[PDB]
Structures are given as structure tokens and as C-alpha cells.
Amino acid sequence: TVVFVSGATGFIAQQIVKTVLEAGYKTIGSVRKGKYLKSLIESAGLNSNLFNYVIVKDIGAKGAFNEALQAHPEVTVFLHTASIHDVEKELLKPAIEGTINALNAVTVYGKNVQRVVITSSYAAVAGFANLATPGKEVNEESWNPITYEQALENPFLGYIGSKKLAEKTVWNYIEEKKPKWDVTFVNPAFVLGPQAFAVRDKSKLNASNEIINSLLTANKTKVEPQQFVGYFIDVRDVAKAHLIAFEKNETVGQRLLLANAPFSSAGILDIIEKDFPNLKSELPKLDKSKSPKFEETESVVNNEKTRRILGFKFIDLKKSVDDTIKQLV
């Protein structure tokens, strides 16, 4: 098998590129640095003859992957991973077009592709903010009731909208165009965990791991840490689920809800104080009033279907946080 991965230099994608190579599959990643990632795998001890790369400056531009799928027609898996606070220019339309630019380039040029795995999100599963359904039931088939108009009112709700709607463009495409490849959706919740190989900037991680990292850099930046609630998932569990999304035949047309257990910025902090006492002078005191309560925004995730299909045991929060902190010293 030959697995293509868009935006390979990303947080989840680097873990995706890693666990695939550990399964012996070939890999071909996209890059905006190609030697930054190839020097990373070989030095990591991985079996390093299963990876090359392509250069793609932008995903939201038309035909972004055509010359990538016209230089290598051998690919048979497409892992579309590349897709918070922005600048408030435009976040919705490039997110839906960036996906469409790939569904138009995988169909028009990549015909050796059989399975496509679109990395979506839990934001396309349950509602946020004014559409919060606290205490209510959500599962693989549930959908965020947010609309395009109700989105991009916030860099937060806009990201929530841009992720719920970009998955819709795949659902509309597979029926409007009726392609020859099969689709699978991996819907990761709040992804935590350590980098695939090596951290590059210890002061700022990805937007998701800053949930952990802000607790460390708070006393340096003198920034009161923004607290969060919701469901977490370890980046290694998401990486393993992306393989099952194309290696297994029962994941076809399934929205793999990649959520473990609830979490909280306060709950994550307690793990760091116990397992890393040398940091007790670097960890802050969280305000009990600034803390969002769980039973108020988040629904009840019913991913019983996904856990049964994945079949493996996920990484607990303690191991996820411990492995995360171990990298940043």
C-alpha cells in the first residue's frame, strides 16, 4: 500500500506519518522543510525507506494536489489532514474550498486511490456556544446544528463552523460526483499528546497542546491560562485510528468519533503537580471562577460504535499529559 498524507508537517499528521511507517506502509507527505521531516524519521530509528515528500504551498488554491498526484500515480490512500484565534480575514470559504480542491484533484488525477480518510473533528459532531446541548446525547451520526451564517462571528465559532462545514463538502461531494474511491471520517476531539519525533519550539506548541503548555508558560508570560472543558484524545490514538480508517473495510462511510474521556484544565494541572513536582514552582493557581464547568457546554459522547470498530484501548489522560510534559522537560 502507498499512503499519501497532506500537510505532513502537522501535529497529528506527523504522528500519522510515524505510525504508518511502523506498519511498513509506504508514505508520501505534502509540505508547504521536506528535509526537516526526513531527517526526523531516519534519526528516529524508524525503517526509513517508506517515505518521500511533495511541496504544496497552499491547500486552499485550485488544483493544489494535481501535480502531486500527477508526479506519483501510485498512491492508493489519501489522508487529508491539513486544514483557535486567527486574524479575521477569511476562515470559512478556504476551509471548504481547500477540501473541494482535494476532492477535485483526487478524482481528476488520482485514480489509483481506493480509500480516502478525511481528518474532520468533534466540532462537526456536537454543538458549541449557543448551540451547546449540555447533558444531551451525541454519537457518530450526530451533527453540529451550526450554519455558515452562525459561523465566523468568532474565530472560535468560525473554526467550529469551518470544520463542521468542510466535512459536509465531503458528504455532498461523494453523492454529487459519486467518486470511485471510498471515504472515511476521523473526528478527533481535543487532541493531546507528545510530538511525533521532536519539538521545535518549546514555548508554543500546537493550538491543542497549549491546553497543557499554557499551564507551564503561564508564570513566564504572566498570562492567566485560558481554561477548557470537553473530551480529550491522545494523538497516538488518533494516528492509530487513521490507519484503521483505510486498512479496515468496515470503516467505509463511518465517522470515527475519536474521543476518550472528559477533561478540564484543572484536571490536567493536578496530573502535572503530582507527576512532576519539580514544576510546582512553575505551575500557576487556577481561578475556580474562570473555570468552565463541564456539565454546561458538552454533550454526552456515545462513541460506543467507534471504540468497538477501532478495537484497541486508548491512552489515558495521565499518560498523555505525562508523555507531553516529558518532551518539554
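All residue numbers are counted from 1 along the displayed sequence.
Gap between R32 and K33: 1 to 3 deposited residues without coordinates. Gap between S83 and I84: 4 to 9 deposited residues without coordinates.
When 97-105 is weighed against 142-150, 97-105 comes out higher, by mean CA B-factor as recorded in the entry. Remark: stretch with higher mean C-alpha B factor among 115-123 and 190-198 is 115-123. Comparing the listed residues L92, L243, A207, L79, the entry records the largest Cα B-factor for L92. Comparing the C-alpha B-factors of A71, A259, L256, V223 in the entry, the top value falls on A71. The deposited CA B-factor of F263 belongs to the lowest third of values across its chain. Among the modelled residues of the chain, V301 sits in the middle third by CA temperature factor in this PDB entry. Per-chain ranking of the deposited C-alpha B factor places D275 in the lowest third. Compared with the other modelled residues of the chain, the Cα B-factor recorded for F128 ranks in the middle third. Among the modelled residues of its chain, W171 has a C-alpha B-factor that falls in the middle third according to the deposited record.
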